[PDB]
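**Q** Right, I'll just put the structure down here and ask away after.
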Amino acid sequence: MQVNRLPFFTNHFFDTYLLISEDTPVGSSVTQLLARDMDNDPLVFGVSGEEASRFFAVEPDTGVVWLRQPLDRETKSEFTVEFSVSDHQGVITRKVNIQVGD
Ligand SMILES: [Ca+2]
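Heads up: the sequence shown begins at 1 in the entry's author numbering, then just goes up one per residue.
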């Protein structure tokens, strides 16, 4: 039988929230996704969801996440975004609460 463990995220924000200032410029990195694969398998990171993907771009290899559009606490003060990590055998997708700060 095949021998594989799926990756898991290690960012603490997955258990709290990710704070991003509403004055964060478009193009800014807002975090870097971190994960461990116990087999040391190469990992790819992603974002899923139509809205999430319009607002946030993920570097598949490094896990850096950039803001694609302006934030505005007035229009939307919070997002629930799903981030993913895969070893090509399986994928973990986790929700994170993104708080837009004033
Ligand atoms: Ca693995």
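Don't be surprised by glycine CBs; every beta carbon is placed ideally from N, CA and C.
Could you tell me the distance, in whole angstroms, from the CA atom of residue 65 to the CA atom of residue 84?
**A** Translated into positions along the sequence shown, residue 65 becomes position 65. Translated into positions along the sequence shown, residue 84 becomes position 84. Spanning the two alpha carbons is a distance of roughly 12 Å.
**Q** Buried or exposed: where does residue 55 fall if 16 or more other Cβ atoms within 10 Å of its Cβ makes it buried?
**A** Within the sequence shown, numbered from 1, the residue matching residue 55 stands at position 55. The residue in question, residue 55, is buried, as its Cβ has 16 or more Cβ neighbours within 10 Å.
**Q** Whose C-alpha, out of 72, 36, 50 and 19, is nearest the C-alpha of residue 4?
**A** On the sequence shown, residue 4 is found 4 positions in, with the first residue counted as 1. It is 36 whose Cα lies nearest to the Cα of residue 4.
**Q** Are the CB atoms of residue 13 and residue 92 within a distance shorter than 8 Å?
**A** Along the sequence shown, one-based indexing puts residue 92 at 92. Along the sequence shown, one-based indexing puts residue 13 at 13. No; because the gap between Cβ atoms is not below 8 Å, this pair is not in contact.
**Q** Going by DSSP in three states, residue 72 sits in which element: helix, strand or coil?
**A** Within the sequence shown, residue 72 is the residue found at index 72, counting from 1. Reduced to three states, the DSSP call for residue 72 is strand.
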